[PDB]
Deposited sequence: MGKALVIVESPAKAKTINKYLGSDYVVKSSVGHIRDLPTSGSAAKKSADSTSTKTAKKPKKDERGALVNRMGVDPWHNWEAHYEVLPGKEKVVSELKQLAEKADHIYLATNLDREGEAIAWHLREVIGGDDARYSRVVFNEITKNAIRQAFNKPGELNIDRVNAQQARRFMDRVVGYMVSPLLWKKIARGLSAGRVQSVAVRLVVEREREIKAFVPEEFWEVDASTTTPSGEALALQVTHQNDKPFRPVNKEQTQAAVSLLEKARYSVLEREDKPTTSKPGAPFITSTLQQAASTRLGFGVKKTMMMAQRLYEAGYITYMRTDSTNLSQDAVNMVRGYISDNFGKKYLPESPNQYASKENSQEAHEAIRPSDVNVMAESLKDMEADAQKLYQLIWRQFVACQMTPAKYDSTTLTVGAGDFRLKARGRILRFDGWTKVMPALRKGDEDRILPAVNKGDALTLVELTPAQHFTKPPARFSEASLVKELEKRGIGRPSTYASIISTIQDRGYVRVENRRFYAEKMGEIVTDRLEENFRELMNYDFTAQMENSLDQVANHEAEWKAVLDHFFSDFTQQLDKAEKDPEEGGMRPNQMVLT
């Protein structure tokens, strides 16, 4: 009979059904299809999981997947063998598990296949050496999902009682706020430090202009803190004899960056196009659904060999040998890139202008990544004047390399060691150290991914939740901590230190991997977790004098 294949993304399905044609019926779950809605029955009914009854759960189809589930039902009839083709990670593994329990049937009627790429060299091997779903992987995801549930449904209520109604707490949510709160306090406590700089304009023995910066005095870094000290020094430099000590000419290079991932795309779109995280993902979504780029949600900068041959092939025909490296550039889902290098942004007349701009950003990053380095001739001049040391640095572009596709938007006169320099003028400059920069939406996302706190598909969502909840606010595209955010962050740090530690997620991931690798059992892991958590929750419930949470 006909084989039924199920994937997560519709766009990916349409593409698979092609490189497979008829005989098979490809479809997509379009997400999860099913999820959640001493002891207290009401609390357990609300959570959908019972921590006091060996974690029995109550999953139920999403209020917006009825059709999907239904249309998937009847399709199971005219199907001989059902092939669950979701992602190999634990989330994908769980979607497969839910599909199998919602469609019913017998285990043997189900098979698990993983698609490498769209190429036929992949969609083929998919059914070649398949397998079945990994129960350990599934239970690992159930453990994560349940731990996140307990925290949110059991901590928030405590907040409603001690602080205010409508408040929330969460493994990811609360540390994102903590990051903003700490930066806020960092800025408010900052005290600018005054420092001075002195530059000197001079003439070479020829007559050419040479700008110099004072670096040392009596062999110590030159850094006056007030005008008085700056004057004492200028007085000496005005009468000093200047002579060249050393001229170090050296070839230096510039290297392209890695292709984009969700976090970096958001940051680049934010810095070069003024796009907000949510907008960037909306445009990226359009581009993906129209087949111009790969999944917009990814945490890997990897590139397939085909992708790499495709781009080198393009660089070779459009730039020449000097731009093509001897062998592929090395560096530490796939990365976000054009599905076809031969497709220019200007040819996407079916897309909004902003989507074309985003595509162009993704395209150029992808092509520059595999080109040769930029080459410069860097010159450094060392100058002596009395007890002072002065410096001048220059650079002259010799070969653009990758900057040919990704442009950004210096000539030191000829002088030899021992040459005298004629002083023209001395310019003192007052300065003040500046406080740490405020977070931007993309900037906070960057910090979250750096600590492995969120997920590509949740970063944007996180940035919004903390605002709607009233913990932080955005102004001039920059984050500011709200009083409530500080209040909640301090309470949570006081009564749930472990949960508020930035590495809580990393530590959780380790335990989840152990469950996925038969090195631990999921219910046991949840039991340990719950025991610690309840110890903290119960303590927090008490009166402030007994160590309970301070009410506002």
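Engineer: Enumerate the deposited-sequence segments absent from the coordinates, judged by C-alpha atoms, in order of position.
Structural biologist: Since the structure holds only modelled residues, the stretches it omits are 1, 39-61, 357-364, 442-447, 591-595.
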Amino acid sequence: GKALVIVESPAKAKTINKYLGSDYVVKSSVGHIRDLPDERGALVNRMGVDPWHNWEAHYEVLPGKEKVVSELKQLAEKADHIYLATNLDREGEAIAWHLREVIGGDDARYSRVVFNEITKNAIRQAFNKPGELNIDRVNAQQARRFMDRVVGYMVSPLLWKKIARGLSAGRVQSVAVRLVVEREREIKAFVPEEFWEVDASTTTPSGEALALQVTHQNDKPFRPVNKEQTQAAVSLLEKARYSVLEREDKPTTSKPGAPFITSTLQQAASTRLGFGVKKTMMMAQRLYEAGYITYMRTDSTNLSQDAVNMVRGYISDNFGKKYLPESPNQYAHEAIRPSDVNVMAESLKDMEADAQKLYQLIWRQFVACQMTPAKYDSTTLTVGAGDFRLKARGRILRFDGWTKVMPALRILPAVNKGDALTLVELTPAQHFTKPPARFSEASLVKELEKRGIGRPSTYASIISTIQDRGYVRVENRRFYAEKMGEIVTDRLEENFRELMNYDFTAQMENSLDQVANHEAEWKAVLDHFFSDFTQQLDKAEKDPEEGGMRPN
From here on, numbers count along this sequence of modelled residues.
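Engineer: According to the deposited model, is the average Cα temperature factor higher in 526-534 or in 17-25?
Structural biologist: Here the higher of the two C-alpha B-factor means belongs to 17-25.
Engineer: Using the B-factors recorded in the PDB entry, average over the C-alpha atoms of 197-205 and of 139-147, then report which stretch comes out higher.
Structural biologist: Going by the record's values, the stretch with the higher mean is 197-205.
Engineer: Out of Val472, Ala126, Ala284, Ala240, which shows the largest CA B-factor listed in the entry?
Structural biologist: Answer, based on the entry's C-alpha B-factors: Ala126.
Engineer: Would you mind finding, among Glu447, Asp354, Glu182, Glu425, the residue with the largest C-alpha temperature factor in the entry?
Structural biologist: Answer for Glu447, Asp354, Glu182, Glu425: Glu425, with the highest C-alpha B-factor.
Engineer: Among the chain's modelled residues, which third holds the C-alpha B-factor of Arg364?
Structural biologist: It belongs to the lowest third of the chain when residues are ordered by C-alpha B-factor.
Engineer: Considering only modelled residues of the same chain, in which third does the CA B-factor of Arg410 rank: lowest, middle or highest?
Structural biologist: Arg410: CA B-factor falls in the highest third of its chain.
Engineer: Consider only the C-alpha atoms of the modelled residues in this chain, order them by B-factor as the entry records it, and name the third containing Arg109: lowest, middle or highest.
Structural biologist: Highest third of the chain for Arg109's C-alpha B-factor.
Engineer: Please place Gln74 in the lowest, middle or highest third of its chain according to the CA B-factor in the PDB entry.
Structural biologist: Tercile = highest for this residue's CA B-factor.
Engineer: Where does the C-alpha B-factor of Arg438 rank in its chain, lowest, middle or highest third?
Structural biologist: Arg438: CA B-factor falls in the lowest third of its chain.
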